[PDB]
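Q: Before I ask anything, here is the structure I am working with.
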Amino acid sequence: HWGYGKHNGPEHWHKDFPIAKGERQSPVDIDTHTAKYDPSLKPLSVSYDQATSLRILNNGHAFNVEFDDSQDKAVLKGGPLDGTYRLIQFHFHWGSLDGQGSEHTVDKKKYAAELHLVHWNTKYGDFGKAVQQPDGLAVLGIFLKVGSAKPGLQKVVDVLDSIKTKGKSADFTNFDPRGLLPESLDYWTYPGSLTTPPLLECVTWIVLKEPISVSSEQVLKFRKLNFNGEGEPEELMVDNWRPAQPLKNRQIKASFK
Ligand SMILES: NS(=O)(=O)c1ccc(C(=O)O)c(S(=O)(=O)NCCc2ccccc2)c1
Ligand SMILES: [Zn+2]
């Protein structure tokens, strides 16, 4: 099955998921000089005050912090979006070393990690229906660089020992994702896809310009996770990022000048 190794990694995914070579695949390199300021873009509206986190899951490719999305509690609106998108989960992509790990790049710069807050368009009723639509999901992408610790991340880091291997989960209530956001909500946006199989072309990407800083110790703990199941040969969960894909017939728009 698919993963991030030599034998089953991003260069192989097209054989099971032909849309991998599609017209609006993610991630992409963000050429900052070519992205055009769009004065018609709105400020993002990130309304996470009532967010209800439930659980954290090692799914064999990342860890997902899952939210109660049975009603409008944590929503993303505004920016490039029409309507209301409900937070369902967040996860990260990261490297084996600090010089790689992000999926999006900025003028070819790779960050140490990238956070994805996944939201679905509530006009489609459920997540499974939303992923079948071109405007089904909105993913808020936030770059991580290694420097000062991020205090709001440490509750996540400290639970990781309990979900070391694929299929392990743990209770993870009352986590506030507002503690993972940078100061500025300046962003780039473009139409794209899921960055893992099934690679569905259902995502409005909103990538924040300002990275968050996390400590070397924090990201080292991400790298102690396992792709494998309990008792299986240990494969460290590192380099779980898809590289940049062809931009093709797309424009990246900036919310700022
Ligand atoms: N990097 S990303 O934002 O594109 C992304 C990565 C992983 C997943 C995931 O499945 O957990 C997701 S997800 O929660 O949107 N799930 C997509 C896979 C899926 C499709 C249809 C039904 C269930 C899951 C998104
Ligand atoms: Zn992701």
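By order of appearance in the structure tokens: chains A, B, ..., then residues from 1 within every chain, and ligands from 1 in the order shown.
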Tell me, counting only C-alpha atoms and all ligand atoms, for each residue of chain A within 6 Å of ligand 1, which pair of atoms is nearest and how far apart they are in Å to one decimal, in rows ordered by chain and increasing number, as JSON lines.

A:
```
{"residue": "A:116", "atom": "CA", "partner": "ligand 1", "partner_atom_place_in_ligand_line": "3 (O)", "distance": 5.4}
{"residue": "A:118", "atom": "CA", "partner": "ligand 1", "partner_atom_place_in_ligand_line": "3 (O)", "distance": 5.7}
{"residue": "A:128", "atom": "CA", "partner": "ligand 1", "partner_atom_place_in_ligand_line": "22 (C)", "distance": 5.1}
{"residue": "A:139", "atom": "CA", "partner": "ligand 1", "partner_atom_place_in_ligand_line": "3 (O)", "distance": 5.8}
{"residue": "A:194", "atom": "CA", "partner": "ligand 1", "partner_atom_place_in_ligand_line": "4 (O)", "distance": 3.2}
{"residue": "A:195", "atom": "CA", "partner": "ligand 1", "partner_atom_place_in_ligand_line": "4 (O)", "distance": 4.1}
{"residue": "A:196", "atom": "CA", "partner": "ligand 1", "partner_atom_place_in_ligand_line": "6 (C)", "distance": 5.3}
```

Q: Which residues sit within 12 Å of ligand 2, counting only C-alpha atoms and all ligand atoms, listed as a VMD selection string?

A: chain A and resid 26 to 27 61 to 65 89 to 94 101 to 104 113 to 119 138 to 143 193 to 197 199 203 205 207 240 to 243

Q: Report as a PyMOL selection string all protein, DNA and RNA residues lying within 8 Å of segment 152-164 of chain A, evaluated on only C-alpha atoms, omitting residues in the same chain fewer than 6 positions from it.

A: chain A and resi 56-58+170+175-177+179-180+214+218+221-222+224-226

Q: Select, from A:96, A:165, A:215, A:184, the residue with the minimum atom-to-atom distance to residue 146 of chain A, counting only C-alpha atoms.

A: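 For residue 146 of chain A, the nearest of the given residues is A:215.
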
Q: Please provide the set of residues having any atom within 6 Å of segment 185-187 of chain A, restricted to only C-alpha atoms, with same-chain residues fewer than 4 positions apart removed, written as a ChimeraX atom specification.

A: /A:207-209,254-255

Q: Among segment 74-222 of chain A, which residues carry a DSSP assignment of strand (DSSP E or B), reported as a ChimeraX atom specification?

A: /A:75-78,85-94,105-106,109,113-121,137-146,169-171,187-192,203-208,212-214

Q: For the residues in that selection, give me N, CA and C atoms as a short mmCIF file (atom, residue, chain, number, x, y, z; two decimals), in the first residue's frame.

A:
```cif
data_model
loop_
_atom_site.label_atom_id
_atom_site.label_comp_id
_atom_site.auth_asym_id
_atom_site.auth_seq_id
_atom_site.Cartn_x
_atom_site.Cartn_y
_atom_site.Cartn_z
N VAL A 75 -14.99 27.10 12.83
CA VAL A 75 -15.20 27.30 11.39
C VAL A 75 -14.26 28.31 10.78
N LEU A 76 -14.00 28.09 9.50
CA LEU A 76 -13.22 28.95 8.67
C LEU A 76 -14.15 29.54 7.64
N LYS A 77 -14.08 30.86 7.50
CA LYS A 77 -14.89 31.60 6.52
C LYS A 77 -14.07 32.77 5.97
N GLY A 78 -14.63 33.48 5.01
CA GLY A 78 -13.98 34.65 4.47
C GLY A 78 -12.76 34.26 3.66
N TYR A 85 -16.88 26.64 6.38
CA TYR A 85 -16.15 25.40 6.43
C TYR A 85 -15.83 24.97 7.87
N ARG A 86 -16.17 23.74 8.20
CA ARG A 86 -16.05 23.22 9.55
C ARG A 86 -14.76 22.44 9.78
N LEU A 87 -14.03 22.76 10.85
CA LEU A 87 -12.82 22.05 11.19
C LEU A 87 -13.13 20.61 11.55
N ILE A 88 -12.43 19.68 10.91
CA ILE A 88 -12.55 18.25 11.20
C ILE A 88 -11.31 17.67 11.85
N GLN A 89 -10.13 18.04 11.35
CA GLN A 89 -8.89 17.53 11.95
C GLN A 89 -7.74 18.45 11.60
N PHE A 90 -6.66 18.38 12.39
CA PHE A 90 -5.38 18.91 11.95
C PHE A 90 -4.32 17.84 12.06
N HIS A 91 -3.29 17.99 11.23
CA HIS A 91 -2.12 17.12 11.28
C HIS A 91 -0.94 17.89 10.73
N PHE A 92 0.23 17.25 10.80
CA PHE A 92 1.48 17.82 10.28
C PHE A 92 2.16 16.92 9.27
N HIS A 93 3.06 17.55 8.53
CA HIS A 93 4.07 16.87 7.69
C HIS A 93 5.44 17.37 8.13
N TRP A 94 6.43 16.49 8.24
CA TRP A 94 7.73 16.90 8.76
C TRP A 94 8.82 16.06 8.19
N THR A 105 6.36 24.89 -0.61
CA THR A 105 7.62 25.59 -0.50
C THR A 105 7.41 27.04 -0.89
N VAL A 106 8.33 27.89 -0.45
CA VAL A 106 8.24 29.33 -0.68
C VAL A 106 9.53 29.73 -1.39
N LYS A 109 12.17 27.27 -0.86
CA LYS A 109 12.52 27.01 0.52
C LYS A 109 11.57 25.98 1.11
N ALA A 113 8.54 21.80 8.97
CA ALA A 113 7.27 21.11 9.03
C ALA A 113 6.17 22.00 8.48
N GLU A 114 4.99 21.42 8.32
CA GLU A 114 3.83 22.15 7.85
C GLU A 114 2.60 21.56 8.54
N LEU A 115 1.82 22.44 9.15
CA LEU A 115 0.56 22.14 9.80
C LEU A 115 -0.61 22.36 8.83
N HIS A 116 -1.54 21.39 8.77
CA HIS A 116 -2.73 21.45 7.94
C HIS A 116 -3.95 21.34 8.84
N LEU A 117 -4.75 22.40 8.85
CA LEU A 117 -6.05 22.41 9.51
C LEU A 117 -7.10 22.21 8.43
N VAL A 118 -7.72 21.04 8.47
CA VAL A 118 -8.65 20.59 7.41
C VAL A 118 -10.08 20.95 7.76
N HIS A 119 -10.78 21.62 6.84
CA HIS A 119 -12.15 22.04 7.05
C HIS A 119 -13.02 21.63 5.86
N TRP A 120 -14.27 21.32 6.11
CA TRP A 120 -15.18 20.91 5.01
C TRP A 120 -16.37 21.84 4.89
N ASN A 121 -16.84 22.01 3.65
CA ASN A 121 -17.89 22.95 3.29
C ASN A 121 -19.24 22.42 3.75
N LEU A 137 -13.36 21.28 0.37
CA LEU A 137 -12.50 21.47 1.52
C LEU A 137 -11.76 22.78 1.46
N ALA A 138 -11.42 23.28 2.64
CA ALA A 138 -10.50 24.41 2.79
C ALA A 138 -9.43 23.95 3.75
N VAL A 139 -8.17 23.96 3.31
CA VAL A 139 -7.09 23.59 4.20
C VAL A 139 -6.23 24.80 4.46
N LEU A 140 -6.04 25.08 5.75
CA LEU A 140 -5.23 26.19 6.24
C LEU A 140 -3.86 25.60 6.53
N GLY A 141 -2.85 26.04 5.78
CA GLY A 141 -1.50 25.53 5.90
C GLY A 141 -0.60 26.52 6.62
N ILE A 142 0.17 26.04 7.58
CA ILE A 142 1.03 26.91 8.40
C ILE A 142 2.40 26.25 8.47
N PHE A 143 3.41 26.99 8.06
CA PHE A 143 4.80 26.53 8.11
C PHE A 143 5.37 26.55 9.52
N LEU A 144 6.19 25.55 9.83
CA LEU A 144 6.97 25.50 11.06
C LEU A 144 8.46 25.61 10.76
N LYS A 145 9.11 26.53 11.50
CA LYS A 145 10.55 26.64 11.55
C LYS A 145 11.01 26.32 12.96
N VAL A 146 12.27 25.90 13.07
CA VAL A 146 12.88 25.50 14.34
C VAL A 146 13.58 26.70 14.97
N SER A 169 -4.63 5.28 19.18
CA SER A 169 -5.26 6.56 19.46
C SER A 169 -5.27 6.84 20.97
N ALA A 170 -5.52 8.10 21.30
CA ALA A 170 -5.63 8.51 22.68
C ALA A 170 -6.64 9.63 22.80
N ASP A 171 -7.34 9.67 23.95
CA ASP A 171 -8.21 10.79 24.26
C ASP A 171 -7.42 12.09 24.16
N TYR A 187 -1.99 35.62 3.78
CA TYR A 187 -1.97 34.31 3.15
C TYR A 187 -1.82 34.35 1.65
N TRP A 188 -1.40 33.20 1.10
CA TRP A 188 -1.54 32.89 -0.31
C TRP A 188 -2.66 31.89 -0.48
N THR A 189 -3.33 31.91 -1.63
CA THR A 189 -4.40 30.94 -1.90
C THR A 189 -4.38 30.46 -3.35
N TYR A 190 -4.77 29.21 -3.56
CA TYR A 190 -4.84 28.62 -4.89
C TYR A 190 -5.71 27.37 -4.81
N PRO A 191 -6.30 26.94 -5.95
CA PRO A 191 -7.09 25.72 -6.00
C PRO A 191 -6.19 24.49 -6.14
N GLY A 192 -6.39 23.49 -5.30
CA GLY A 192 -5.58 22.31 -5.33
C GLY A 192 -6.27 21.06 -4.85
N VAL A 203 -9.79 20.91 -2.83
CA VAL A 203 -9.25 21.78 -1.79
C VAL A 203 -9.00 23.21 -2.29
N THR A 204 -9.55 24.18 -1.57
CA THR A 204 -9.06 25.56 -1.60
C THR A 204 -7.96 25.67 -0.56
N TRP A 205 -6.73 25.88 -1.02
CA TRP A 205 -5.58 26.00 -0.13
C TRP A 205 -5.43 27.44 0.30
N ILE A 206 -5.21 27.62 1.60
CA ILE A 206 -4.92 28.92 2.20
C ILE A 206 -3.66 28.71 3.03
N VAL A 207 -2.53 29.20 2.52
CA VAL A 207 -1.24 29.01 3.16
C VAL A 207 -0.76 30.33 3.78
N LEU A 208 -0.59 30.34 5.10
CA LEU A 208 -0.18 31.55 5.80
C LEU A 208 1.28 31.90 5.49
N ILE A 212 5.20 29.60 12.19
CA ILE A 212 5.31 29.53 13.63
C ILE A 212 6.67 28.93 13.94
N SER A 213 7.23 29.31 15.09
CA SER A 213 8.47 28.73 15.59
C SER A 213 8.16 27.61 16.58
N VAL A 214 8.83 26.48 16.43
CA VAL A 214 8.76 25.37 17.39
C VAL A 214 10.20 25.04 17.78
#
```

Q: I'd like to know which of A:245, A:84, A:59, A:132 is closest to residue 30 of chain A, using only C-alpha atoms.

A: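 Going through A:245, A:84, A:59, A:132 one by one, the smallest distance to residue 30 of chain A is for A:245.
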
Q: Return the single residue from A:219, A:39, A:227, A:249 that is closest to residue 97 of chain A, with distances computed using only C-alpha atoms.

A: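 Of A:219, A:39, A:227, A:249, the one nearest residue 97 of chain A is A:219, counting only C-alpha atoms.
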
Q: Find the spatial neighbours of residue 216 of chain A, counting only C-alpha atoms, within a cut-off of 9 Å - ignore same-chain residues fewer than 4 positions away - and output them as a ChimeraX atom specification.

A: /A:98,146-149,220-221

Q: With N, CA and C atoms kept, could you save the residues just selected as a PDB file, in the first residue's frame?

A:
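Generated file (out26.pdb):
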```pdb
ATOM      1  N   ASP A  98      15.865  19.274   9.865  1.00  0.00           N
ATOM      2  CA  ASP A  98      15.177  20.568   9.880  1.00  0.00           C
ATOM      3  C   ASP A  98      15.085  21.224   8.521  1.00  0.00           C
ATOM      4  N   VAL A 146      12.268  25.904  13.071  1.00  0.00           N
ATOM      5  CA  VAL A 146      12.877  25.498  14.337  1.00  0.00           C
ATOM      6  C   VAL A 146      13.579  26.700  14.973  1.00  0.00           C
ATOM      7  N   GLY A 147      13.141  27.041  16.168  1.00  0.00           N
ATOM      8  CA  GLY A 147      13.716  28.162  16.919  1.00  0.00           C
ATOM      9  C   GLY A 147      13.213  28.067  18.334  1.00  0.00           C
ATOM     10  N   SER A 148      12.467  29.078  18.760  1.00  0.00           N
ATOM     11  CA  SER A 148      11.826  29.095  20.080  1.00  0.00           C
ATOM     12  C   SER A 148      10.711  28.061  20.122  1.00  0.00           C
ATOM     13  N   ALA A 149      10.443  27.517  21.310  1.00  0.00           N
ATOM     14  CA  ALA A 149       9.350  26.569  21.469  1.00  0.00           C
ATOM     15  C   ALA A 149       7.991  27.258  21.254  1.00  0.00           C
ATOM     16  N   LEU A 220      11.817  16.993  17.306  1.00  0.00           N
ATOM     17  CA  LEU A 220      12.485  15.698  17.538  1.00  0.00           C
ATOM     18  C   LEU A 220      11.505  14.650  18.035  1.00  0.00           C
ATOM     19  N   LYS A 221      10.518  15.065  18.831  1.00  0.00           N
ATOM     20  CA  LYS A 221       9.505  14.151  19.333  1.00  0.00           C
ATOM     21  C   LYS A 221       8.543  13.711  18.207  1.00  0.00           C
TER      22      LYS A 221
END
```

Q: Would you give me, as a PyMOL selection string, the residues in segment 6-221 of chain A that DSSP reads as helix (DSSP H, G or I)?

A: chain A and resi 13-15+18-21+122-124+127-130+151-163+177-180+216-221

Q: Can you write out the residues you just picked, keeping N, CA and C atoms, as a CSV table (one decimal), in the first residue's frame?

A:
```
chain,number,residue,atom,x,y,z
A,13,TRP,N,2.5,6.9,-6.5
A,13,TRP,CA,1.1,7.0,-6.2
A,13,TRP,C,0.2,7.1,-7.4
A,14,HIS,N,0.7,7.6,-8.6
A,14,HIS,CA,-0.1,7.7,-9.8
A,14,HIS,C,-0.7,6.3,-10.3
A,15,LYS,N,0.0,5.2,-10.0
A,15,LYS,CA,-0.5,3.9,-10.4
A,15,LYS,C,-1.8,3.5,-9.8
A,18,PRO,N,-4.5,7.8,-10.4
A,18,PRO,CA,-4.1,8.5,-11.6
A,18,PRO,C,-4.2,10.0,-11.6
A,19,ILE,N,-5.1,10.5,-10.8
A,19,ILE,CA,-5.3,12.0,-10.6
A,19,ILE,C,-4.0,12.6,-10.0
A,20,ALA,N,-3.1,11.8,-9.6
A,20,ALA,CA,-1.8,12.3,-9.1
A,20,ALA,C,-1.1,13.1,-10.2
A,21,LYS,N,-1.4,12.9,-11.5
A,21,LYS,CA,-0.8,13.7,-12.6
A,21,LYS,C,-1.9,14.7,-13.1
A,122,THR,N,-19.9,23.1,4.7
A,122,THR,CA,-21.1,22.6,5.4
A,122,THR,C,-22.2,22.5,4.4
A,123,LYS,N,-22.1,23.3,3.0
A,123,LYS,CA,-23.3,23.1,2.1
A,123,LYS,C,-23.4,21.6,1.6
A,124,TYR,N,-22.4,20.8,1.8
A,124,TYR,CA,-22.4,19.4,1.3
A,124,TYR,C,-22.8,18.4,2.4
A,127,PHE,N,-18.4,15.2,5.4
A,127,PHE,CA,-17.1,15.3,4.9
A,127,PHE,C,-16.9,14.4,3.6
A,128,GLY,N,-17.4,13.2,3.7
A,128,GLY,CA,-17.4,12.3,2.6
A,128,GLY,C,-18.0,12.8,1.3
A,129,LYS,N,-19.1,13.6,1.4
A,129,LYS,CA,-19.7,14.3,0.3
A,129,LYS,C,-18.9,15.5,-0.2
A,130,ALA,N,-18.3,16.2,0.8
A,130,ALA,CA,-17.6,17.4,0.5
A,130,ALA,C,-16.4,17.1,-0.4
A,151,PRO,N,4.6,27.2,22.9
A,151,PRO,CA,3.9,26.6,24.1
A,151,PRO,C,2.6,25.9,23.8
A,152,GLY,N,1.8,26.4,22.8
A,152,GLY,CA,0.5,25.8,22.5
A,152,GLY,C,0.6,24.5,21.7
A,153,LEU,N,1.9,24.1,21.3
A,153,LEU,CA,2.1,22.8,20.7
A,153,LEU,C,2.4,21.7,21.7
A,154,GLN,N,2.9,22.0,22.9
A,154,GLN,CA,3.5,21.0,23.8
A,154,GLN,C,2.5,20.0,24.3
A,155,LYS,N,1.2,20.3,24.5
A,155,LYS,CA,0.2,19.3,24.8
A,155,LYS,C,0.2,18.1,23.7
A,156,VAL,N,0.3,18.5,22.5
A,156,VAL,CA,0.4,17.6,21.4
A,156,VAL,C,1.6,16.7,21.5
A,157,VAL,N,2.8,17.4,21.6
A,157,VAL,CA,4.1,16.7,21.7
A,157,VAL,C,4.1,15.7,22.8
A,158,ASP,N,3.5,16.1,23.9
A,158,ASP,CA,3.6,15.2,25.1
A,158,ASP,C,2.7,13.9,25.1
A,159,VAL,N,1.7,13.9,24.2
A,159,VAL,CA,0.8,12.7,24.0
A,159,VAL,C,1.4,11.7,23.0
A,160,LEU,N,2.4,12.1,22.2
A,160,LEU,CA,2.9,11.3,21.1
A,160,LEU,C,3.4,9.9,21.5
A,161,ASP,N,4.1,9.9,22.7
A,161,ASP,CA,4.6,8.6,23.2
A,161,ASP,C,3.5,7.6,23.3
A,162,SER,N,2.2,8.0,23.6
A,162,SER,CA,1.1,7.1,23.7
A,162,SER,C,0.4,6.6,22.4
A,163,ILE,N,0.9,7.2,21.3
A,163,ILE,CA,0.4,6.8,20.0
A,163,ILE,C,1.5,6.5,19.0
A,177,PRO,N,-6.8,24.9,19.3
A,177,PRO,CA,-5.9,25.1,18.1
A,177,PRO,C,-5.5,26.5,17.8
A,178,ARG,N,-6.1,27.5,18.5
A,178,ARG,CA,-5.7,28.9,18.4
A,178,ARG,C,-4.3,29.1,18.9
A,179,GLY,N,-3.8,28.2,19.7
A,179,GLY,CA,-2.4,28.2,20.2
A,179,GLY,C,-1.4,27.8,19.1
A,180,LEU,N,-1.8,27.4,17.9
A,180,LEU,CA,-0.9,27.0,16.9
A,180,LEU,C,-0.8,28.0,15.7
A,216,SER,N,13.6,22.7,18.6
A,216,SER,CA,14.2,21.5,18.1
A,216,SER,C,13.7,20.2,18.9
A,217,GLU,N,13.6,20.4,20.2
A,217,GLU,CA,13.1,19.3,21.0
A,217,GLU,C,11.6,18.9,20.7
A,218,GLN,N,10.8,19.8,20.3
A,218,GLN,CA,9.4,19.6,19.9
A,218,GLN,C,9.4,18.7,18.6
A,219,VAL,N,10.1,19.2,17.6
A,219,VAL,CA,10.1,18.5,16.3
A,219,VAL,C,10.8,17.1,16.4
A,220,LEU,N,11.8,17.0,17.3
A,220,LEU,CA,12.5,15.7,17.5
A,220,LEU,C,11.5,14.6,18.0
A,221,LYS,N,10.5,15.1,18.8
A,221,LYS,CA,9.5,14.2,19.3
A,221,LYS,C,8.5,13.7,18.2
```

Q: For residue 166 of chain A, which of A:183, A:201, A:232, A:23 is the closest residue, counting only C-alpha atoms?

A: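 For residue 166 of chain A, the nearest of the given residues is A:232.
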
Q: Compare A:181, A:256, A:210, A:230 by their minimum atom-to-atom distance to residue 40 of chain A, counting only C-alpha atoms, and give me the closest one.

A: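 Checking each of A:181, A:256, A:210, A:230 against residue 40 of chain A, counting only C-alpha atoms, the winner is A:256.
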
Q: If you measure from atom CA of residue 198 of chain A to atom CA of residue 5 of chain A, what distance in Å do you get, rounded to one decimal?

A: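 Here the two named atoms are 17.2 Å from each other.
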